[PDB]
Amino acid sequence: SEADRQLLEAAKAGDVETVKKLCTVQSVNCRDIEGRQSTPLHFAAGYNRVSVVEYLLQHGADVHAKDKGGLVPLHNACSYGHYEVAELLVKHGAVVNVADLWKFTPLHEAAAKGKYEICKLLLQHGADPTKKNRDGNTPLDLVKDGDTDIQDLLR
């Protein structure tokens, strides 16, 4: 659908006014069929569009939606290091220990990317730093050797 394509794009662009105009029952959780099946909320989260994330969360977006690889919008926020988005998604019920297809959790992502505040957020909401992904790696295992502050945080 043409409105769907424009909504997904407005979410990436952070054009909240266009998002407001294009949001319908069906479009608010539509999927990018030719891409990774991301929803508007995956894109807003991944592109750090805080106002769009806030609007979507208030108007019918599913915080738990998975893309083709099993990523929820919290994974996108953590992977690209967007703290405010990660906090909003967690405050709105994102499951902090959710695993994608590869068994990576948001904390695996935040640890690998070395995002202090995001790791702190997830740990405070019960993120399990003992969880192994399919490489047998815990989030602590994914912290870069150069990233001393994150290592210490996760012990």
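Residues carry their position along the shown sequence, with the first being 1.
Engineer: On mean C-alpha B-factor from the PDB entry, just flag whether 109 to 117 or 45 to 53 is the higher one.
Structural biologist: The deposited B-factors put 109 to 117 ahead on the C-alpha mean.
Engineer: Identify the stretch, either 23 to 31 or 124 to 132, whose C-alpha atoms have the larger mean B-factor according to the entry.
Structural biologist: Comparing 23 to 31 with 124 to 132, the higher mean C-alpha B-factor belongs to 124 to 132.
Engineer: Where does the C-alpha B-factor of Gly146 rank in its chain, lowest, middle or highest third?
Structural biologist: Tercile = highest for this residue's CA B-factor.
Engineer: Can you tell me which third, lowest, middle or highest, the CA B-factor of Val96 falls into for its chain?
Structural biologist: Its C-alpha B-factor belongs to the highest third of this chain's values.
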